[PDB]
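Visitor: model the structure of this input:
(one chain, ligands or ions: 1)
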Amino acid sequence: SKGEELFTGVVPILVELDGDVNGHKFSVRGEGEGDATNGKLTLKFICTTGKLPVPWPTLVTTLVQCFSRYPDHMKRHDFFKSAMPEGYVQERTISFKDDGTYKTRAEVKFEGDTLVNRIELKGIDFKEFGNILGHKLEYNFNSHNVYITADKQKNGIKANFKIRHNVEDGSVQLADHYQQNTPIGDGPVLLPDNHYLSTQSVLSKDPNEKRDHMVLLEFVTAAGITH
Ligand code: NA
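Guide: Numbers count the residues shown, from 1 in each chain. This is the structure:
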């Protein structure tokens, strides 16, 4: 297909986020590459405004599902690649249980040969001494299933899923994700049957990096439709 042909090789990635959480203004820039054939991406993110005012794990889902490995028998259900190169808008509400809410708006699209994710994030009602603004979250990220359903009215998809962040006192911080994706092109796009993405992530640090940063390794495969 047109869209899927853009992802047969290794694709450079750029991520830019401007965020405002309880009045904290911050920016993040990420760079790396994605290999959708193997469902794998490698990225390094840097807070370009100084210290990140929220924990890095809380931004992982906001910081390119077009790099998911869709098995051959499922390629008919890969909305994300089918919207390319024109791209799609990805919007989310992320409700941290007993805490504040992120609202995000992003565009994911090709800018030349680079796949770019540009994000605006607004967070309100966060607890200044809670798990997020208090930086009480472990520096890791557990495996999740993202459940995707078509949204024929918007010619796009919706997704719902619950992220679980390990709190350093042993408890767990829930973050309910509500997600809507709309194509930017006028071209036709694949609308999928119900299915899910299975995601696994590894967070690390670059020892020679003095800025506040996150190295991210991610592995995503699609599933939920019988061969
Ligand atoms: Na372009």
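Visitor: could you use CA atoms for every contact and neighbour count after this?
Guide: OK.
Visitor: residues from the chain in reach of the ion?
Guide: 110, 111, 112 (Cα under 5 Å from the ion).
Visitor: in which helix or strand does the first one reside?
Guide: Using DSSP states H and E, the secondary-structure element containing residue 110 is strand 101-111.
Visitor: for that strand, the distance to its chain's centre please.
Guide: Strand 101-111 has its C-alpha centroid displaced from the chain centroid by 9 Å (Cα atoms, centre = their mean, to the nearest Å).
Visitor: next one: stretch 43-53
Guide: On Cα atoms, centre = their mean, the centre of stretch 43-53 falls 16 Å from the chain's centre.
Visitor: give me the contacts around that stretch.
Guide: 13, 21, 24, 26-33, 133, 211-217 (Cα atoms under 8 Å, 6 or more residues apart in numbering).
Visitor: mark which of those residues are buried, thanks.
Guide: Neighbour counting with 16 or more other Cα atoms under 10 Å marks 13, 21, 26-33, 133, 212-216 as buried within those.
Visitor: from the residues you listed, which single one is nearest the ion?
Guide: Within those, the smallest distance to the ion is 12.9 Å, found for residue 13 (Cα to the ion).
Visitor: that older thread, any buried residues in the strand holding residue 110, and which?
Guide: Neighbour-count burial for strand 101-111 [16+ other Cα under 10 Å]: 101, 102, 103, 104, 105, 106, 107, 108, 109, 110.
Visitor: and what of stretch 117-130?
Guide: Using 16+ other Cα under 10 Å as the test for burial, stretch 117-130 gives 117, 118, 119, 120, 121, 122, 123, 126.
Visitor: elements contacting the helix or strand where the fourth one lies?
Guide: Okay, so that is residue 120. Element membership of residue 120, judged by DSSP H and E, is strand 114-124. Contacts defined by 3 or more Cα pairs under 8 Å, 6 or more residues apart in numbering; DSSP states H and E place strand 114-124 against strand 11-21, strand 101-111.
Visitor: could you dump those to JSON lines with distance to residue 192?
Guide: Formatted as JSON lines, the helices and strands packed on strand 114-124 follow (distance: least, Cα to Cα, whole Å):
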{"stretch": "strand 11-21", "distance to residue 192": "24"}
{"stretch": "strand 101-111", "distance to residue 192": "19"}
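Visitor: show me where the chain has its strands.
Guide: For the chain, strands defined by DSSP state E occupy the ranges 11-21, 24-35, 40-47, 88-96, 101-111, 114-124, 144-151, 156-166, 172-183, 195-204, 213-223.
Visitor: a markdown table for the ones you listed, including distance to residue 137?
Guide: Formatted as a markdown table, the strands of the chain follow (distance: least, Cα to Cα, whole Å):
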| stretch | distance to residue 137 |
| --- | --- |
| strand 11-21 | 17 |
| strand 24-35 | 18 |
| strand 40-47 | 18 |
| strand 88-96 | 12 |
| strand 101-111 | 16 |
| strand 114-124 | 17 |
| strand 144-151 | 17 |
| strand 156-166 | 6 |
| strand 172-183 | 8 |
| strand 195-204 | 13 |
| strand 213-223 | 14 |
